[PDB]
Amino acid sequence: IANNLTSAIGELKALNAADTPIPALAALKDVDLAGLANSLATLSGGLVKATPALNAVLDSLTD
Amino acid sequence: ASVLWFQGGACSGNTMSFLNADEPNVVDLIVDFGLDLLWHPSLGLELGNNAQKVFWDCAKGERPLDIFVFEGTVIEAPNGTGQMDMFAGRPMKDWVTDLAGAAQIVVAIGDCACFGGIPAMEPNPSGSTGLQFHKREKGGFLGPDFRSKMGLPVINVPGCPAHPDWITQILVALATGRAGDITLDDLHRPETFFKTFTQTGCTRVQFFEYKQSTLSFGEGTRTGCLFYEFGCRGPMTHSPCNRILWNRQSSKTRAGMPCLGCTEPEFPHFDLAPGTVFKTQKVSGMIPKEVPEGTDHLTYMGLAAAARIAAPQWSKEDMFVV
Amino acid sequence: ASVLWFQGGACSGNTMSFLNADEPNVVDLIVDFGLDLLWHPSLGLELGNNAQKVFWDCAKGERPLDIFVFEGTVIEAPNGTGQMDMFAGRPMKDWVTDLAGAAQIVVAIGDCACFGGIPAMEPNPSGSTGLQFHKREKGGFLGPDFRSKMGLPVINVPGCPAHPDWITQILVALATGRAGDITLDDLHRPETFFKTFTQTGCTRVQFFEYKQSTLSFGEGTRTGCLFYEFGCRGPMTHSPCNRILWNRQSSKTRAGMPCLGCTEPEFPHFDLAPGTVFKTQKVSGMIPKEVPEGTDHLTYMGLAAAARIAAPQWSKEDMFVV
Amino acid sequence: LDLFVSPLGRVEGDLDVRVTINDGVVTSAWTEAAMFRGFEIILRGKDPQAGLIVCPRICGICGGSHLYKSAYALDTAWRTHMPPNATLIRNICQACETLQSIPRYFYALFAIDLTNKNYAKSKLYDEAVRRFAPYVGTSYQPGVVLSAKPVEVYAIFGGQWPXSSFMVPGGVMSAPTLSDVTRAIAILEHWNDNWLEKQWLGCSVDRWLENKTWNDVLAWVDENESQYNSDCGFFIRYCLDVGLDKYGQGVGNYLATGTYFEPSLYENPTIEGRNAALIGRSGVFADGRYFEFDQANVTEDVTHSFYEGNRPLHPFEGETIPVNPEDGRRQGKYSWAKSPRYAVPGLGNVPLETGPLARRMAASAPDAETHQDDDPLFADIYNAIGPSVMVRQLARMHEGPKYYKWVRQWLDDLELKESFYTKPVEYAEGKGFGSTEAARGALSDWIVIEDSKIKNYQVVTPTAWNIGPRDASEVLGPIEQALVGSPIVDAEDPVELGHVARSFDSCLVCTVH
Ligand code: FCO
Ligand code: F3S
Ligand code: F3S
Ligand code: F3S
Ligand code: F3S
Ligand code: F3S
Ligand code: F3S
Ligand SMILES: [Mg+2]
Ligand code: 3NI
């Protein structure tokens with residue numbers, strides 16, 4: 001059974017799948033995340049409607 | 001019972017397999033079971049106009065046609081004309097239309113005839129299709145609603161090729177008054193052969209149970225199941241290949257060859273795309289993309305881990321030893 | 001290669017099974033493979049003094065004896081005299097002594113000869129024993145240290161009876177220069193046949209894997225594995241019964257009969273004591289007393305619960321359908 | 001008289017034969033392969049090993065041969081190692097398929113035509129009917145029934161026949177056990193005793209293989225009643241009586257790619273080392289002279305074939321681009337068969353007859369190595385009576401005893417403890433040439449693997465060699481020229497066309513693939 005668990009872990013060890021090392025996300029409490037959400041909520045209905053105007057601006061920046 | 005056996009986009013493997021028949025052998029089937037083989041391209045004596053006379057008499061109803069066996073695909077190319085398969089002065093598909101409409105029973109033998117098979121692999125240059133299926137999709141050449149004069153759909157004896165018993169025992173059943181014993185599954189395959197899986201009777205199921213994989217071909221197949229590393233479709237393929245052995249000897253899986261799922265309408269599975277031949281496609285390198293029929297990846301994998309941990313020692317050693 | 005086939009406490013079932021041989025059949029084995037069958041009680045032409053002349057010439061070394069096949073038990077009763085088996089003017093056990101000492105190879109065919117088998121069941125009125133085993137205990141009649149002139153112990157071809165191939169393929173191997181390919185297990189059985197289990201190739205292993213039990217005989221055997229309710233010894237029995245089918249057709253387990261573990265030296269297991277025939281002895285009504293070879297009750301039961309949970313729907317339905 | 005025979009069955013596929021007849025003799029012939037599946041098209045872009053699955057499906061009777069040569073195409077493309085046991089198993093299975101083909105074809109496909117009413121005046125006609133009538137012939141039934149035994153051996157090693165793919169780059173998938181080999185030997189010996197020796201020969205295989213000249217064969221026929229009344233002796237006498245030795249001559253030039261590698265000589269398959277390793281020798285016999293086979297000399301012409309193309313293509317650059325048969329017939333194309341031609345020095349790109357006769361001629365070449373088939377019998381027969389329906393058939397039948405002996409020895413040669421498979425490196429790139437002698441002759445795969453996919457896959461089958469149409473030079477294919485000169489007693493049942501086409505053991509599914 002120990003050899004079975006060794007072969008099982010040994011197959012887990014040869015994982016060969018995507019893996020990323022990223023360790024820093026500090027300064028979130030300092031961010032007024034709730035406040036920006038309040039800005040976003042009042043602005044969301046404006047942003048969604050402004051999408052064609054925002055795209056027409058971006059298109060002129062893609063040149 | 002008159003039998004007309006035609007070949008469309010066939011390689012004649014179903015005929016050759018059929019000729020391997022034992023109990024009954026092919027000669028005893030043709031002679032001693034009251035099955036009058038009117039013609040067969042590999043066996044019929046008649047050629048040319050005499051053969052065409054036989055065919056036309058069957059097609060027009062001048063003589064009864066009890067069983068029309070069709071092997072090979074219904075070739076429709078080019079442009080639906082079927083002229084990539086010209087037989088006895090007509091596109092073979094026209095013969096198929098007439099004879100399937102004339103026969104009491106229509107039997108498609110082999111995947112080509114049943115579902116389109118290998119010739120129907122993309123890009124399908126021959127415009128090949130099966131009699132009543134194109135791969136899994138019902139309808140094929142004759143349409144989903146085709147029924148022979150005995151009311152049956154095309155009896156699909158799949159396989160590439162079909163095992164001789166898959167047809168001969170059906171023919172014996174028809175000849176011995178047991179037609180009513182023949183039940184067909186959703187693919188019109190005889191359930192007497194296609195309720196089991198290829199895995200049923202496979203010599204490697206104990207290795208499968210304990211998730212012990214064959215690691216390599218040759219001597220590597222003295223142990224293990226081929227499902228994990230060689231893409232064995234045994235547990236996803238309905239067949240009696242391990243119940244009724246091939247050539248009365250063996251089966252692919254017993255011999256160490258993965259079942260290619262040839263009795264299944266998708267055969268060849270994944271159209272033999274790169275990386276799919278004698279390989280198990282896996283997610284994250286551990287989880288097979290396809291699990292056995294009727295299972296789910298989470299319960300399969302959980303049971304697989306449990307089986308691995310509880311595996312006996314013999315399941316991890318050669319068993320098909322010299 | 002001269003062969004002398006004697007029968008002690010035999011029922012001749014090994015001979016009859018042997019006569020069912022195919023590839024080679026028995027006649028081709030006897031004639032075309034250079035195996036000179038000197039005599040066989042069921043097949044030898046000689047009777048009386050001519051037969052005894054053959055036997056005595058073999059026993060005294062006047063003519064070579066390459067293979068001494070012994071079928072049936074070595075009967076020692078009464079009182080070790082062996083007179084419950086008088087053959088050709090001697091207790092058969094005396095013939096066994098002489099001929100086993102004369103033969104190049106000694107083959108015990110069938111459990112009776114290998115291990116004592118059914119006649120050795122208590123109370124063993126005939127004082128039956130095997131050639132080199134009494135049940136699992138090595139030594140039998142000839143002693144643990146007996147070796148034939150080719151240096152081999154008694155080759156035990158067990159079974160009750162042995163399948164024809166278990167002996168014929170050994171005889172072919174000997175006749176074709178492949179004696180060196182023959183490896184024997186701890187019971188002196190040919191590993192080419194007895195590394196597998198009866199379960200190996202059983203059509204019900206998928207049901208076994210998912211712990212789906214056949215519940216009843218007859219149509220009840222259209223599904224399920226016989227291990228749980230019918231005492232199938234398949235997973236505890238070394239044999240190729242499901243690899244090399246019986247009569248080229250089937251096996252007990254395929255047919256719905258539990259394997260009685262006849263290739264195992266304890267056969268008949270539990271001496272057919274009441275409650276042990278076609279029944280699985282269980283602890284607390286749910287744990288089998290005997291689990292498959294190489295498993296322990298804890299792991300086996302845990303995996304069994306997991307498998308019961310994971311069991312797909314088809315494993316709970318008839319599969320060997322009409 | 002323009003006679004169009006459709007179908008000409010018992011050629012394993014769809015064949016029509018057009019003949020011009022003058023004074024009861026065929027003066028020109030066209031073979032029309034009528035059914036196209038396009039497996040070469042399908043294989044493009046597939047997994048590099050897809051050939052192992054697809055190519056056997058080119059043909060039911062000789063798919064094992066396809067498998068053999070496709071496996072070797074991969075072995076050469078991937079520079080694999082072949083363990084000797086794997087080579088032995090491949091040889092055994094190829095030869096067993098051929099041993100199945102020999103009686104199955106002879107009785108089921110060829111010999112029933114011996115019962116044709118054109119022969120009713122022959123003194124042997126009643127016996128011919130008794131023996132070879134379809135399904136009831138006293139030679140037909142056991143011959144056809146026992147033809148399944150050698151492929152039982154095939155199935156022992158490959159799982160099944162037809163349609164195993166167990167021959168893989170680096171060896172075979174299977175791991176034969178002792179009982180596998182002993183049973184294979186038993187099956188082979190039983191088949192040899194019961195059909196080959198008892199029924200076909202009426203003598204031992206050894207006695208037959210003692211025949212080194214045509215006069216030896218005639219003496220063998222007359223030697224005793226067993227050989228005289230054997231299927232072989234009767235067939236020879238019937239051919240000589242009814243004139244099967246008088247037509248079907250054909251090109252008289254032969255192609256054998258050879259098969260059956262000596263295991264020690266082809267452990268690392270290469271294109272260049274292929275010929276030396278062969279037991280059944282390759283060889284081109286053209287203009288009465290022996291040439292070494294070289295796959296580089298192989299072109300395929302589609303001038304009269306239903307394919308696009310303007311020049312003969314070596315199959316490494318081969319293309320299979322169908323044209324609509326209506327358009328092609330407007331362009332003079334008449335067959336789905338390509339026209340394989342072989343560049344013979346001093347002769348140009350000529351048609352070469354493939355098949356057992358080609359193999360026997362190759363086996364008569366000088367300088368055979370010890371492992372190689374050295375047999376002068378058919379050099380002598382060719383020089384004495386020349387090719388014909390009878391001689392072509394006799395070559396096929398002669399392979400029975402020879403291949404049986406080879407298979408028996410190979411089964412003895414198996415070293416069961418040794419490897420059957422060396423895991424190869426599946427290279428993303430590679431050019432492979434696999435060839436074998438299927439029952440009907442030179443079968444060859446040219447594969448180009450690129451980017452871990454099949455870039456090109458060109459199969460040239462023996463019947464394509466034989467039955468392929470006129471090339472760009474209007475030179476008739478071997479079967480077309482063999483048909484020319486054939487008598488036609490009855491245009492309503494032109495059985496002689498069948499005799500000639502079937503004497504090649506024509507396989508039309510192979511011809512077109
Ligand atoms: N034999 C055979 Fe088939 C043909 N022609 C191939 O290769
Ligand atoms: S055996 Fe041949 S006829 Fe079709 S079903 Fe397979 S390619
Ligand atoms: S049990 Fe057998 S059918 Fe395939 S999945 Fe395993 S080799
Ligand atoms: S490939 Fe087909 S022949 Fe049986 S072993 Fe699989 S269903
Ligand atoms: S078959 Fe008979 S000879 Fe003994 S081994 Fe069984 S009781
Ligand atoms: S798998 Fe078969 S061998 Fe017995 S234990 Fe079940 S019936
Ligand atoms: S009882 Fe014996 S014959 Fe086989 S199925 Fe069991 S080992
Ligand atoms: Mg080609
Ligand atoms: Ni072919």
# chains A, B, ... in the order shown; residues from 1 in each chain; ligands from 1
$ residues_around --residues "stretch 332-342 of chain D" --least-positions-apart "6" --cutoff "7 Å" --atoms "only C-alpha atoms" --output "list in words"
residues 31, 32, 33, 34, 35, 36, 297, 298, 299, 300, 301, 302, 303, 304, 305, 306, 349, 350, 351, 352, 464, 465, 468, 469, 470, 471, 511 and 512 of chain D
$ write_last_selection --atoms "N, CA, C and O atoms" --output "compact mmCIF listing (two decimals), in the first residue's frame"
# COMPACT_ATOMS: atom_id res chain seq x y z
N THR D 31 -8.65 -2.06 -68.36
CA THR D 31 -9.13 -2.38 -67.03
C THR D 31 -9.62 -1.09 -66.39
O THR D 31 -8.90 -0.08 -66.39
N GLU D 32 -10.83 -1.11 -65.87
CA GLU D 32 -11.46 0.06 -65.27
C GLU D 32 -11.72 -0.27 -63.81
O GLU D 32 -12.68 -0.98 -63.49
N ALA D 33 -10.86 0.23 -62.94
CA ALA D 33 -11.14 0.23 -61.52
C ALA D 33 -12.22 1.27 -61.25
O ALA D 33 -12.05 2.45 -61.57
N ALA D 34 -13.34 0.84 -60.66
CA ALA D 34 -14.55 1.66 -60.68
C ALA D 34 -14.92 2.24 -59.33
O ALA D 34 -15.90 2.99 -59.26
N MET D 35 -14.19 1.94 -58.26
CA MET D 35 -14.58 2.39 -56.94
C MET D 35 -13.40 3.06 -56.26
O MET D 35 -12.30 2.49 -56.21
N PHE D 36 -13.63 4.25 -55.72
CA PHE D 36 -12.59 5.09 -55.13
C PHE D 36 -12.99 5.46 -53.71
O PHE D 36 -14.11 5.92 -53.48
N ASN D 297 12.88 4.25 -58.29
CA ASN D 297 12.48 4.06 -59.68
C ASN D 297 10.98 3.96 -59.87
O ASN D 297 10.52 3.85 -61.00
N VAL D 298 10.24 4.08 -58.77
CA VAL D 298 8.77 3.88 -58.88
C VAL D 298 8.08 5.20 -59.19
O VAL D 298 8.32 6.16 -58.46
N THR D 299 7.34 5.26 -60.28
CA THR D 299 6.52 6.42 -60.57
C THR D 299 5.08 5.96 -60.68
O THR D 299 4.80 4.78 -60.91
N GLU D 300 4.16 6.89 -60.50
CA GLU D 300 2.76 6.62 -60.75
C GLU D 300 2.26 7.63 -61.78
O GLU D 300 2.40 8.84 -61.59
N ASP D 301 1.70 7.11 -62.85
CA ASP D 301 1.14 7.88 -63.94
C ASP D 301 -0.37 7.92 -63.78
O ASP D 301 -0.99 6.91 -63.45
N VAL D 302 -0.97 9.09 -63.99
CA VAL D 302 -2.42 9.19 -63.91
C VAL D 302 -3.01 9.65 -65.24
O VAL D 302 -4.12 10.16 -65.27
N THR D 303 -2.28 9.46 -66.33
CA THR D 303 -2.73 9.93 -67.63
C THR D 303 -4.10 9.35 -67.98
O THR D 303 -5.00 10.07 -68.41
N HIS D 304 -4.27 8.05 -67.77
CA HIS D 304 -5.54 7.39 -68.02
C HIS D 304 -6.27 7.07 -66.74
O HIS D 304 -7.24 6.31 -66.75
N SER D 305 -5.84 7.65 -65.63
CA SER D 305 -6.47 7.46 -64.34
C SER D 305 -7.30 8.68 -63.98
O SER D 305 -7.05 9.79 -64.44
N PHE D 306 -8.31 8.47 -63.14
CA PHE D 306 -9.21 9.55 -62.77
C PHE D 306 -8.57 10.45 -61.73
O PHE D 306 -9.16 10.70 -60.67
N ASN D 349 10.26 3.79 -68.29
CA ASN D 349 9.29 3.53 -67.24
C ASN D 349 8.30 2.50 -67.75
O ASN D 349 7.36 2.83 -68.48
N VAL D 350 8.50 1.24 -67.36
CA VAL D 350 7.74 0.13 -67.92
C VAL D 350 6.72 -0.37 -66.91
O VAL D 350 6.89 -0.17 -65.70
N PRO D 351 5.64 -1.00 -67.36
CA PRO D 351 4.79 -1.74 -66.42
C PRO D 351 5.48 -3.03 -66.01
O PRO D 351 6.15 -3.68 -66.81
N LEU D 352 5.31 -3.38 -64.75
CA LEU D 352 5.86 -4.60 -64.21
C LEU D 352 4.74 -5.39 -63.58
O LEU D 352 3.95 -4.83 -62.81
N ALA D 464 -2.52 -2.43 -58.24
CA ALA D 464 -2.34 -1.16 -58.99
C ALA D 464 -1.24 -1.40 -60.03
O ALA D 464 -1.41 -0.98 -61.14
N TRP D 465 -0.16 -2.06 -59.64
CA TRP D 465 0.87 -2.37 -60.63
C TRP D 465 0.28 -3.17 -61.78
O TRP D 465 0.51 -2.87 -62.95
N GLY D 468 -3.39 -1.33 -63.23
CA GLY D 468 -3.33 0.06 -63.55
C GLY D 468 -3.39 0.27 -65.05
O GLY D 468 -2.91 -0.55 -65.83
N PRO D 469 -4.00 1.37 -65.47
CA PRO D 469 -4.28 1.57 -66.89
C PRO D 469 -3.05 1.93 -67.70
O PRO D 469 -1.93 1.95 -67.18
N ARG D 470 -3.26 2.24 -68.98
CA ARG D 470 -2.17 2.69 -69.83
C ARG D 470 -1.51 3.92 -69.23
O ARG D 470 -2.18 4.77 -68.64
N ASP D 471 -0.20 4.01 -69.38
CA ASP D 471 0.54 5.16 -68.91
C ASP D 471 0.50 6.25 -69.98
O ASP D 471 -0.26 6.16 -70.95
N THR D 511 -6.35 -1.86 -55.39
CA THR D 511 -5.87 -1.12 -56.57
C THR D 511 -6.09 0.38 -56.38
O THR D 511 -5.19 1.13 -56.66
N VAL D 512 -7.26 0.76 -55.91
CA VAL D 512 -7.61 2.17 -55.84
C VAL D 512 -7.31 2.78 -54.48
O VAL D 512 -6.80 3.89 -54.41
$ residues_near_ligand --ligand "ligand 8" --cutoff "7 Å" --atoms "only C-alpha atoms and all ligand atoms" --output "PyMOL selection string"
chain D and resi 40+338+458-461+512-513
$ select_by_dssp --residues "stretch 100-339 of chain D" --states "helix (DSSP H, G or I)" --output "PyMOL selection string"
chain D and resi 100-115+117-119+125-132+140-146+148-158+178-201+205-209+214-223+225-228+231-242+263-265+274-277+295-297+315-317+325-330
$ interface_residues --of "chain C" --to "chain A" --cutoff "12 Å" --atoms "only C-alpha atoms" --output "PyMOL selection string"
chain C and resi 294-296+298-299
$ residues_around --residues "residue C:180" --least-positions-apart "2" --cutoff "12 Å" --atoms "only C-alpha atoms" --output "VMD selection string"
(chain B and resid 322) or (chain C and resid 150 to 152 170 173 to 178 182 to 184 190) or (chain D and resid 178 415 to 417)
$ interface_residues --of "chain C" --to "chain D" --cutoff "9 Å" --atoms "only C-alpha atoms" --output "PDB file with N, CA, C and O atoms, in the first residue's frame"
ATOM      1  N   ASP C  22      -8.299 -29.053 -29.408  1.00  0.00           N
ATOM      2  CA  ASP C  22      -8.265 -28.463 -30.732  1.00  0.00           C
ATOM      3  C   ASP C  22      -7.002 -27.628 -30.832  1.00  0.00           C
ATOM      4  O   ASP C  22      -6.619 -26.959 -29.868  1.00  0.00           O
ATOM      5  N   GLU C  23      -6.362 -27.677 -31.989  1.00  0.00           N
ATOM      6  CA  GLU C  23      -5.151 -26.906 -32.235  1.00  0.00           C
ATOM      7  C   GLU C  23      -4.113 -27.132 -31.140  1.00  0.00           C
ATOM      8  O   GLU C  23      -3.825 -26.216 -30.361  1.00  0.00           O
ATOM      9  N   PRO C  24      -3.522 -28.331 -31.052  1.00  0.00           N
ATOM     10  CA  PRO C  24      -3.812 -29.472 -31.922  1.00  0.00           C
ATOM     11  C   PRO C  24      -4.999 -30.281 -31.426  1.00  0.00           C
ATOM     12  O   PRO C  24      -5.278 -30.265 -30.234  1.00  0.00           O
ATOM     13  N   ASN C  25      -5.695 -30.972 -32.320  1.00  0.00           N
ATOM     14  CA  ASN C  25      -6.623 -31.956 -31.799  1.00  0.00           C
ATOM     15  C   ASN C  25      -5.842 -33.189 -31.358  1.00  0.00           C
ATOM     16  O   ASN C  25      -4.647 -33.326 -31.622  1.00  0.00           O
ATOM     17  N   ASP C  28      -4.051 -35.371 -34.060  1.00  0.00           N
ATOM     18  CA  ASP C  28      -2.864 -34.713 -34.589  1.00  0.00           C
ATOM     19  C   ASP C  28      -1.760 -34.620 -33.548  1.00  0.00           C
ATOM     20  O   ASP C  28      -0.581 -34.693 -33.892  1.00  0.00           O
ATOM     21  N   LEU C  29      -2.115 -34.443 -32.283  1.00  0.00           N
ATOM     22  CA  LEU C  29      -1.104 -34.456 -31.236  1.00  0.00           C
ATOM     23  C   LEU C  29      -0.433 -35.820 -31.144  1.00  0.00           C
ATOM     24  O   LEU C  29       0.795 -35.922 -31.060  1.00  0.00           O
ATOM     25  N   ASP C  32       0.982 -36.489 -35.394  1.00  0.00           N
ATOM     26  CA  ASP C  32       1.774 -35.528 -36.155  1.00  0.00           C
ATOM     27  C   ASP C  32       2.774 -34.724 -35.329  1.00  0.00           C
ATOM     28  O   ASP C  32       3.547 -33.957 -35.910  1.00  0.00           O
ATOM     29  N   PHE C  33       2.782 -34.847 -34.003  1.00  0.00           N
ATOM     30  CA  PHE C  33       3.734 -34.109 -33.181  1.00  0.00           C
ATOM     31  C   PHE C  33       4.816 -35.008 -32.595  1.00  0.00           C
ATOM     32  O   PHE C  33       5.533 -34.593 -31.680  1.00  0.00           O
ATOM     33  N   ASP C 165      -6.126 -27.716 -23.525  1.00  0.00           N
ATOM     34  CA  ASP C 165      -4.919 -26.934 -23.922  1.00  0.00           C
ATOM     35  C   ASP C 165      -3.886 -26.975 -22.804  1.00  0.00           C
ATOM     36  O   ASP C 165      -2.720 -26.896 -23.100  1.00  0.00           O
ATOM     37  N   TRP C 166      -4.338 -27.099 -21.568  1.00  0.00           N
ATOM     38  CA  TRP C 166      -3.372 -27.022 -20.443  1.00  0.00           C
ATOM     39  C   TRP C 166      -2.351 -28.155 -20.569  1.00  0.00           C
ATOM     40  O   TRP C 166      -1.296 -28.034 -20.023  1.00  0.00           O
ATOM     41  N   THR C 168      -2.199 -30.160 -23.788  1.00  0.00           N
ATOM     42  CA  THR C 168      -1.777 -30.287 -25.176  1.00  0.00           C
ATOM     43  C   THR C 168      -0.730 -29.251 -25.532  1.00  0.00           C
ATOM     44  O   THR C 168       0.205 -29.554 -26.267  1.00  0.00           O
ATOM     45  N   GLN C 169      -0.881 -28.012 -25.062  1.00  0.00           N
ATOM     46  CA  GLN C 169       0.116 -27.003 -25.388  1.00  0.00           C
ATOM     47  C   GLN C 169       1.431 -27.298 -24.692  1.00  0.00           C
ATOM     48  O   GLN C 169       2.492 -27.041 -25.256  1.00  0.00           O
ATOM     49  N   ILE C 170       1.382 -27.868 -23.492  1.00  0.00           N
ATOM     50  CA  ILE C 170       2.608 -28.326 -22.849  1.00  0.00           C
ATOM     51  C   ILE C 170       3.252 -29.433 -23.670  1.00  0.00           C
ATOM     52  O   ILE C 170       4.468 -29.450 -23.872  1.00  0.00           O
ATOM     53  N   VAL C 172       2.878 -29.986 -26.880  1.00  0.00           N
ATOM     54  CA  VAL C 172       3.394 -29.374 -28.098  1.00  0.00           C
ATOM     55  C   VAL C 172       4.710 -28.668 -27.810  1.00  0.00           C
ATOM     56  O   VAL C 172       5.677 -28.794 -28.569  1.00  0.00           O
ATOM     57  N   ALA C 173       4.768 -27.927 -26.705  1.00  0.00           N
ATOM     58  CA  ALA C 173       5.996 -27.238 -26.324  1.00  0.00           C
ATOM     59  C   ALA C 173       7.136 -28.228 -26.157  1.00  0.00           C
ATOM     60  O   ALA C 173       8.246 -28.002 -26.645  1.00  0.00           O
ATOM     61  N   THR C 176       8.052 -29.471 -29.642  1.00  0.00           N
ATOM     62  CA  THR C 176       8.588 -28.482 -30.563  1.00  0.00           C
ATOM     63  C   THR C 176       9.867 -27.836 -30.047  1.00  0.00           C
ATOM     64  O   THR C 176      10.264 -26.782 -30.551  1.00  0.00           O
ATOM     65  N   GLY C 177      10.509 -28.432 -29.046  1.00  0.00           N
ATOM     66  CA  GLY C 177      11.754 -27.891 -28.544  1.00  0.00           C
ATOM     67  C   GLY C 177      11.609 -26.714 -27.614  1.00  0.00           C
ATOM     68  O   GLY C 177      12.588 -26.007 -27.370  1.00  0.00           O
ATOM     69  N   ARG C 178      10.411 -26.482 -27.080  1.00  0.00           N
ATOM     70  CA  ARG C 178      10.155 -25.356 -26.196  1.00  0.00           C
ATOM     71  C   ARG C 178       9.952 -25.789 -24.751  1.00  0.00           C
ATOM     72  O   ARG C 178       9.301 -25.080 -23.982  1.00  0.00           O
ATOM     73  N   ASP C 181      10.879 -23.215 -22.400  1.00  0.00           N
ATOM     74  CA  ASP C 181       9.948 -22.113 -22.209  1.00  0.00           C
ATOM     75  C   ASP C 181       8.950 -22.381 -21.098  1.00  0.00           C
ATOM     76  O   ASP C 181       8.266 -21.451 -20.666  1.00  0.00           O
ATOM     77  N   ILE C 182       8.841 -23.623 -20.638  1.00  0.00           N
ATOM     78  CA  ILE C 182       7.838 -23.975 -19.642  1.00  0.00           C
ATOM     79  C   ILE C 182       8.376 -23.591 -18.270  1.00  0.00           C
ATOM     80  O   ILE C 182       9.362 -24.159 -17.796  1.00  0.00           O
ATOM     81  N   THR C 192       2.404 -20.389 -17.891  1.00  0.00           N
ATOM     82  CA  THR C 192       1.784 -19.873 -19.101  1.00  0.00           C
ATOM     83  C   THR C 192       0.267 -19.963 -19.036  1.00  0.00           C
ATOM     84  O   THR C 192      -0.420 -19.234 -19.758  1.00  0.00           O
ATOM     85  N   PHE C 193      -0.269 -20.819 -18.169  1.00  0.00           N
ATOM     86  CA  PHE C 193      -1.701 -20.929 -17.972  1.00  0.00           C
ATOM     87  C   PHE C 193      -2.170 -20.460 -16.606  1.00  0.00           C
ATOM     88  O   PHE C 193      -3.335 -20.086 -16.470  1.00  0.00           O
TER      89      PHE C 193
END
$ residues_near_ligand --ligand "ligand 9" --cutoff "10 Å" --atoms "only C-alpha atoms and all ligand atoms" --output "PyMOL selection string"
(chain B and resi 11-13) or (chain D and resi 11-13+56-66+101+438-441+443+461-463+505-513)
$ write_last_selection --atoms "C-alpha atoms" --output "short mmCIF file (atom, residue, chain, number, x, y, z; two decimals), in the first residue's frame"
data_model
loop_
_atom_site.label_atom_id
_atom_site.label_comp_id
_atom_site.auth_asym_id
_atom_site.auth_seq_id
_atom_site.Cartn_x
_atom_site.Cartn_y
_atom_site.Cartn_z
CA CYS B 11 -12.33 -3.04 -48.40
CA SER B 12 -14.01 -6.48 -48.33
CA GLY B 13 -12.77 -6.95 -44.74
CA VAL D 11 -11.40 -9.50 -57.83
CA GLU D 12 -12.00 -8.08 -54.34
CA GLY D 13 -13.64 -4.92 -55.55
CA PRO D 56 -5.26 -2.29 -43.34
CA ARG D 57 -8.73 -0.98 -44.30
CA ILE D 58 -7.52 -0.58 -47.86
CA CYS D 59 -8.26 -4.26 -48.10
CA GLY D 60 -9.82 -7.06 -46.19
CA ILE D 61 -7.85 -9.92 -47.60
CA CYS D 62 -4.49 -8.21 -47.57
CA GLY D 63 -4.89 -5.61 -44.84
CA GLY D 64 -2.32 -7.46 -42.77
CA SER D 65 0.13 -6.84 -45.59
CA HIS D 66 -0.85 -3.17 -45.57
CA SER D 101 -5.16 -15.81 -49.23
CA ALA D 438 1.22 -8.97 -50.05
CA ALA D 439 -0.35 -12.14 -51.44
CA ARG D 440 -0.83 -10.33 -54.77
CA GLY D 441 2.56 -8.72 -54.92
CA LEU D 443 2.75 -3.44 -51.77
CA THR D 461 -0.57 -1.78 -54.26
CA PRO D 462 0.35 -4.84 -56.34
CA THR D 463 -2.95 -4.83 -58.22
CA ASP D 505 -5.51 -12.46 -57.84
CA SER D 506 -6.63 -8.90 -58.64
CA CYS D 507 -7.72 -6.88 -55.66
CA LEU D 508 -9.55 -3.78 -56.79
CA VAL D 509 -10.06 -2.31 -53.33
CA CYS D 510 -6.29 -2.37 -53.05
CA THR D 511 -5.87 -1.12 -56.57
CA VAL D 512 -7.61 2.17 -55.84
CA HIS D 513 -7.58 2.58 -52.06
#
$ residues_near_ligand --ligand "ligand 2" --cutoff "9 Å" --atoms "only C-alpha atoms and all ligand atoms" --output "PyMOL selection string"
(chain B and resi 7-17+71-73+109-119+158-162+262) or (chain D and resi 54+56-60+63+162-163)
$ residues_around --residues "residue C:148" --least-positions-apart "2" --cutoff "7 Å" --atoms "only C-alpha atoms" --output "PyMOL selection string"
chain C and resi 100-101+103-106+146+150-153
